[PDB]
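Chemist: Take this structure, written in structure tokens, and hold onto it; I'll ask about it next.
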Amino acid sequence: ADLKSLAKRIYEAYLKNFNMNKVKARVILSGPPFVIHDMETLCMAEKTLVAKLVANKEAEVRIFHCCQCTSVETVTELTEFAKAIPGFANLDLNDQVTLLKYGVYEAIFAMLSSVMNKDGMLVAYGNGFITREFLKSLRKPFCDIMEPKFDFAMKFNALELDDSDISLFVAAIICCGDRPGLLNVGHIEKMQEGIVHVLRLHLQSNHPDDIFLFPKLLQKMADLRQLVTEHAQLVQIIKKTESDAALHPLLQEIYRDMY
Amino acid sequence: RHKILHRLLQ
Ligand SMILES: CC[C@@H](Oc1cccc(CN(CCCOc2ccc(OC)cc2)c2nc3ccccc3o2)c1)C(=O)O
């Protein structure tokens with residue numbers, strides 16, 4: 001097996017399939033995005049960037065809807081990306097579904113880090129920047145959505161990964177053999193072992209300065225599973241208690257029976 | 001149980 005070539009293949013699949021990556025994000029964050037820091041600038045950004053949405057419910061529920069729309073888009077990109085991981089498409093369709101069901105929000109929050117800095121995050125395909133303080137200012141429970149993801153991102157970004165690392169990390173998130181309900185655990189474990197081996201060797205080559213980077217990222221995978229469990233609980237509270245905050249059907253299917 | 005995912009995956 002050629003593990004350098006496998007790493008390149010997964011990186012190329014990531015560059016093709018994701019509209020946002022860390023290179024693109026950093027170009028934008030380096031200074032154009034419309035800055036959303038208060039209700040006036042939220043409403044202005046909505047009229048330009050999501051006009052049909054405001055052509056109205058509470059601002060918090062509009063933001064929640066925009067968040068979900070981004071997730072739906074990213075799930076679609078993740079499904080196409082997954083098709084490129086060796087062995088993934090040879091799995092039973094039911095196992096492909098299970099792996100994606102549990103893995104997509106761990107991958108979403110990992111990749112979200114690339115558009116975040118300590119002051120805010122890119123939104124709407126890089127055409128908006130919403131401040132972290134504005135999101136904290138929203139009424140409960142909506143102000144509790146993003147802050148844990150910023151906290152994860154600040155530590156994740158301190159690892160100084162590049163897109164070649166992240167592509168492999170996202171592939172390893174998707175190929176977890178301990179998801180509930182898998183049929184062919186043995187084949188998935190071997191697929192995972194192979195991707196994790198590619199990740200290990202890549203980090204050794206690309207980050208010779210950080211000899212613990214691989215176990216740091218194994219821990220981040222475990223942190224992400226916990227972040228997703230907590231996020232799913234918050235989504236359930238919102239769904240149950242906020243009638244205007246409908247869930248998109250693909251996201252309802254993902255969250256249903258997850259944790 | 002996941003008709004949209006199933007459809008996206010095909
Ligand atoms: C709420 C329920 C929803 O939770 C979340 C929680 C955190 C993050 C997301 C998805 N997300 C944030 C989009 C905000 O999108 C707007 C757009 C416009 C706007 O105002 C005009 C405000 C917010 C995102 N961004 C990404 C960028 C790169 C890679 C992956 C990315 O994932 C959904 C879920 O569970 O799906």
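Ligands are numbered from 1 in the order shown, chains are lettered A, B, ... in the order of the structure tokens, and residues start at 1 in each chain.
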Report as CSV: every residue of chain A with an atom at most 7 Å from ligand 1, its closest pair of atoms, and their distance in Å to one decimal, counting only C-alpha atoms and all ligand atoms, with rows sorted by chain and ascending residue number.

Modeler:
```
residue,atom,partner,partner_atom_place_in_ligand_line,distance
A:20,CA,ligand 1,28 (C),5.7
A:42,CA,ligand 1,21 (C),6.2
A:45,CA,ligand 1,21 (C),5.6
A:46,CA,ligand 1,21 (C),5.0
A:49,CA,ligand 1,21 (C),6.6
A:50,CA,ligand 1,21 (C),6.6
A:63,CA,ligand 1,22 (C),4.8
A:64,CA,ligand 1,1 (C),4.6
A:65,CA,ligand 1,1 (C),6.9
A:66,CA,ligand 1,16 (C),4.5
A:67,CA,ligand 1,14 (C),3.9
A:68,CA,ligand 1,36 (O),4.1
A:70,CA,ligand 1,13 (C),4.9
A:71,CA,ligand 1,10 (C),4.5
A:74,CA,ligand 1,30 (C),6.3
A:108,CA,ligand 1,30 (C),4.5
A:109,CA,ligand 1,30 (C),6.2
A:111,CA,ligand 1,29 (C),4.5
A:112,CA,ligand 1,29 (C),4.0
A:114,CA,ligand 1,28 (C),6.7
A:115,CA,ligand 1,27 (C),5.8
A:122,CA,ligand 1,27 (C),6.8
A:123,CA,ligand 1,17 (C),4.6
A:124,CA,ligand 1,17 (C),4.6
A:128,CA,ligand 1,21 (C),6.9
A:130,CA,ligand 1,22 (C),7.0
A:145,CA,ligand 1,6 (C),5.9
A:146,CA,ligand 1,7 (C),5.5
A:149,CA,ligand 1,7 (C),6.6
A:235,CA,ligand 1,2 (C),6.4
A:251,CA,ligand 1,36 (O),6.7
```

Chemist: Using C-alpha atoms, can you write the selected residues to a file as a short mmCIF file (atom, residue, chain, number, x, y, z; two decimals), in the first residue's frame?

Modeler:
```
data_model
loop_
_atom_site.label_atom_id
_atom_site.label_comp_id
_atom_site.auth_asym_id
_atom_site.auth_seq_id
_atom_site.Cartn_x
_atom_site.Cartn_y
_atom_site.Cartn_z
CA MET A 20 -15.01 26.08 2.61
CA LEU A 42 -28.00 41.19 11.37
CA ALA A 45 -26.98 41.11 6.33
CA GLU A 46 -30.19 39.09 6.02
CA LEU A 49 -27.42 37.51 1.86
CA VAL A 50 -30.62 35.56 2.71
CA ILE A 63 -30.35 32.56 12.95
CA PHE A 64 -31.23 28.99 13.99
CA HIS A 65 -32.73 28.42 10.53
CA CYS A 66 -29.56 29.75 8.85
CA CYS A 67 -27.43 27.48 11.03
CA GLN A 68 -29.48 24.44 9.98
CA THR A 70 -25.51 25.37 6.55
CA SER A 71 -25.54 21.97 8.27
CA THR A 74 -22.31 20.38 4.79
CA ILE A 108 -18.99 19.70 11.01
CA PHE A 109 -17.65 21.01 14.33
CA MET A 111 -14.31 21.93 10.07
CA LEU A 112 -16.23 24.83 11.66
CA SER A 114 -11.42 26.67 10.32
CA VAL A 115 -13.85 29.60 9.95
CA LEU A 122 -17.50 33.31 8.84
CA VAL A 123 -21.03 32.58 7.62
CA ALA A 124 -22.93 32.48 4.33
CA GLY A 128 -20.58 37.40 6.48
CA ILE A 130 -20.85 37.14 12.87
CA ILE A 145 -25.49 26.99 20.67
CA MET A 146 -22.23 28.35 19.40
CA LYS A 149 -18.00 25.27 19.50
CA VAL A 235 -31.30 20.83 19.78
CA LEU A 251 -31.40 16.94 10.29
#
```

Chemist: Quick check: residues of chain B within 8 Å of chain A, only C-alpha atoms, returned as a ChimeraX atom specification.

Modeler: /B:1-2,4-6,8-9

Chemist: Once you have the residues from the selection above, write them out as a PDB file, in the first residue's frame, restricted to N, CA, C and O atoms.

Modeler:
```
ATOM      1  N   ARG B   1     -34.868   4.247   7.707  1.00  0.00           N
ATOM      2  CA  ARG B   1     -34.844   5.126   8.877  1.00  0.00           C
ATOM      3  C   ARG B   1     -34.194   6.452   8.505  1.00  0.00           C
ATOM      4  O   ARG B   1     -34.305   7.437   9.238  1.00  0.00           O
ATOM      5  N   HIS B   2     -33.514   6.462   7.339  1.00  0.00           N
ATOM      6  CA  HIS B   2     -32.738   7.610   6.856  1.00  0.00           C
ATOM      7  C   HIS B   2     -32.892   7.714   5.336  1.00  0.00           C
ATOM      8  O   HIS B   2     -31.946   7.555   4.561  1.00  0.00           O
ATOM      9  N   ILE B   4     -33.362  10.230   3.324  1.00  0.00           N
ATOM     10  CA  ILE B   4     -32.582  11.261   2.645  1.00  0.00           C
ATOM     11  C   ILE B   4     -31.109  10.868   2.574  1.00  0.00           C
ATOM     12  O   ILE B   4     -30.478  10.961   1.515  1.00  0.00           O
ATOM     13  N   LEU B   5     -30.525  10.450   3.699  1.00  0.00           N
ATOM     14  CA  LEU B   5     -29.150   9.958   3.654  1.00  0.00           C
ATOM     15  C   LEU B   5     -29.018   8.818   2.659  1.00  0.00           C
ATOM     16  O   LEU B   5     -28.098   8.803   1.831  1.00  0.00           O
ATOM     17  N   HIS B   6     -29.905   7.823   2.758  1.00  0.00           N
ATOM     18  CA  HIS B   6     -29.867   6.708   1.819  1.00  0.00           C
ATOM     19  C   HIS B   6     -29.852   7.220   0.383  1.00  0.00           C
ATOM     20  O   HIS B   6     -29.032   6.793  -0.436  1.00  0.00           O
ATOM     21  N   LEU B   8     -28.998  10.297  -0.707  1.00  0.00           N
ATOM     22  CA  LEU B   8     -27.749  10.990  -1.008  1.00  0.00           C
ATOM     23  C   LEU B   8     -26.613  10.005  -1.260  1.00  0.00           C
ATOM     24  O   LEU B   8     -25.733  10.268  -2.090  1.00  0.00           O
ATOM     25  N   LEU B   9     -26.605   8.875  -0.557  1.00  0.00           N
ATOM     26  CA  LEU B   9     -25.490   7.938  -0.661  1.00  0.00           C
ATOM     27  C   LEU B   9     -25.483   7.127  -1.950  1.00  0.00           C
ATOM     28  O   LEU B   9     -24.466   6.493  -2.257  1.00  0.00           O
TER      29      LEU B   9
END
```

Chemist: What does the distance between CA of residue 121 in chain A and CA of residue 32 in chain A come to in Å, to one decimal place?

Modeler: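 Distance between the two atoms: 13.7 Å.
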
Chemist: So that I can check the surroundings of range 189-202 of chain A, please list as a list in words every protein, DNA and RNA residue that reaches within 8 Å of it, counting only C-alpha atoms and ignoring chain neighbours fewer than 4 positions away.

Modeler: residues 3, 4, 6, 7, 86, 87, 88, 165, 168, 169, 171, 172, 175, 176, 177, 185, 206 and 214 of chain A

Chemist: Generate the output file for the selected residues, N, CA and C atoms, as an mmCIF file, in the first residue's frame.

Modeler:
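Contents of the output file result17.cif:
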```
data_model
loop_
_atom_site.group_PDB
_atom_site.id
_atom_site.type_symbol
_atom_site.label_atom_id
_atom_site.label_comp_id
_atom_site.auth_asym_id
_atom_site.auth_seq_id
_atom_site.Cartn_x
_atom_site.Cartn_y
_atom_site.Cartn_z
ATOM 1 N N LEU A 3 0.821 4.815 1.310
ATOM 2 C CA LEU A 3 0.073 5.625 2.271
ATOM 3 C C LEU A 3 0.171 7.124 1.981
ATOM 4 N N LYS A 4 1.303 7.576 1.427
ATOM 5 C CA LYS A 4 1.398 8.956 0.957
ATOM 6 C C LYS A 4 0.394 9.225 -0.159
ATOM 7 N N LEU A 6 -2.525 7.596 -0.614
ATOM 8 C CA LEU A 6 -3.850 7.608 -0.004
ATOM 9 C C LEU A 6 -4.126 8.943 0.679
ATOM 10 N N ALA A 7 -3.130 9.478 1.393
ATOM 11 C CA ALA A 7 -3.310 10.782 2.025
ATOM 12 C C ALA A 7 -3.621 11.842 0.979
ATOM 13 N N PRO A 86 -11.153 4.858 1.034
ATOM 14 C CA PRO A 86 -11.081 3.465 0.594
ATOM 15 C C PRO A 86 -11.873 2.545 1.503
ATOM 16 N N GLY A 87 -12.701 1.708 0.885
ATOM 17 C CA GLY A 87 -13.498 0.749 1.592
ATOM 18 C C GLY A 87 -14.873 1.244 1.966
ATOM 19 N N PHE A 88 -15.067 2.570 2.009
ATOM 20 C CA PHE A 88 -16.349 3.122 2.443
ATOM 21 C C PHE A 88 -17.466 2.703 1.511
ATOM 22 N N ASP A 165 -4.005 17.897 6.778
ATOM 23 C CA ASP A 165 -4.268 17.190 8.040
ATOM 24 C C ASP A 165 -5.773 17.032 8.292
ATOM 25 N N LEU A 168 -7.729 14.232 6.465
ATOM 26 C CA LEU A 168 -7.514 12.901 7.022
ATOM 27 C C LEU A 168 -8.221 12.737 8.360
ATOM 28 N N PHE A 169 -8.226 13.819 9.165
ATOM 29 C CA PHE A 169 -8.939 13.795 10.446
ATOM 30 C C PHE A 169 -10.436 13.605 10.228
ATOM 31 N N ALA A 171 -11.771 12.149 7.577
ATOM 32 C CA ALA A 171 -11.965 10.783 7.134
ATOM 33 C C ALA A 171 -11.927 9.834 8.317
ATOM 34 N N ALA A 172 -11.046 10.075 9.296
ATOM 35 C CA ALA A 172 -10.992 9.181 10.460
ATOM 36 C C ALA A 172 -12.233 9.309 11.341
ATOM 37 N N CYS A 175 -14.875 7.084 9.779
ATOM 38 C CA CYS A 175 -14.599 5.636 9.833
ATOM 39 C C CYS A 175 -14.385 5.153 11.259
ATOM 40 N N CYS A 176 -15.358 5.370 12.135
ATOM 41 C CA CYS A 176 -15.282 4.894 13.513
ATOM 42 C C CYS A 176 -16.030 3.573 13.580
ATOM 43 N N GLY A 177 -15.338 2.526 14.018
ATOM 44 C CA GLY A 177 -16.005 1.257 14.089
ATOM 45 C C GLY A 177 -16.849 1.048 15.329
ATOM 46 N N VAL A 185 -18.903 -4.700 11.687
ATOM 47 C CA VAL A 185 -17.921 -4.014 12.529
ATOM 48 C C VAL A 185 -16.502 -4.381 12.129
ATOM 49 N N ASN A 206 4.241 15.791 8.267
ATOM 50 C CA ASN A 206 3.840 17.171 8.103
ATOM 51 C C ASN A 206 4.072 18.021 9.352
ATOM 52 N N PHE A 214 -0.548 13.223 17.005
ATOM 53 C CA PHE A 214 -1.517 12.166 16.746
ATOM 54 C C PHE A 214 -2.358 11.855 17.982
#
```

Chemist: If you measure from CA of residue 247 in chain A to CA of residue 69 in chain A, what distance in Å do you get, rounded to one decimal?

Modeler: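 Spanning CA of residue 247 in chain A to CA of residue 69 in chain A is a straight-line distance of 9.8 Å.
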
Chemist: Report, in Å to a single decimal, how far apart CA of residue 95 in chain A and CA of residue 182 in chain A are.

Modeler: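 Computed distance, CA of residue 182 in chain A to CA of residue 95 in chain A, equals 5.7 Å.
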
Chemist: With DSSP run on the backbone, what are the strand (DSSP E) residues within range 67-173 of chain A? I'd like them as an MDAnalysis selection string.

Modeler: chainID A and resid 116:117 120:123 128:131

Chemist: Enumerate as a list in words all residues of chain B assigned to alpha helix (DSSP H) by DSSP on the backbone, naming them with the chain letters and numbers the document uses.

Modeler: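 These are the residues in question: residues 3, 4, 5, 6, 7, 8 and 9 of chain B.
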
Chemist: Using N, CA, C and O atoms, can you export the residues from the last selection as a compact mmCIF listing (two decimals), in the first residue's frame?

Modeler:
```
# COMPACT_ATOMS: atom_id res chain seq x y z
N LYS B 3 -34.11 8.02 4.89
CA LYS B 3 -34.36 7.98 3.45
C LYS B 3 -33.58 9.06 2.71
O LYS B 3 -33.16 8.84 1.57
N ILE B 4 -33.36 10.23 3.32
CA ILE B 4 -32.58 11.26 2.64
C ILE B 4 -31.11 10.87 2.57
O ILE B 4 -30.48 10.96 1.52
N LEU B 5 -30.53 10.45 3.70
CA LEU B 5 -29.15 9.96 3.65
C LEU B 5 -29.02 8.82 2.66
O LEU B 5 -28.10 8.80 1.83
N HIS B 6 -29.90 7.82 2.76
CA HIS B 6 -29.87 6.71 1.82
C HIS B 6 -29.85 7.22 0.38
O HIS B 6 -29.03 6.79 -0.44
N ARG B 7 -30.73 8.18 0.08
CA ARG B 7 -30.80 8.73 -1.27
C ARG B 7 -29.53 9.49 -1.63
O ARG B 7 -29.01 9.35 -2.74
N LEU B 8 -29.00 10.30 -0.71
CA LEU B 8 -27.75 10.99 -1.01
C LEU B 8 -26.61 10.01 -1.26
O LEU B 8 -25.73 10.27 -2.09
N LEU B 9 -26.61 8.87 -0.56
CA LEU B 9 -25.49 7.94 -0.66
C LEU B 9 -25.48 7.13 -1.95
O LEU B 9 -24.47 6.49 -2.26
```

Chemist: Can you list, as a count of residues only, every protein, DNA or RNA residue that comes within 8 Å of residue 131 in chain A when you count only C-alpha atoms, leaving out same-chain residues fewer than 2 positions away?

Modeler: 10
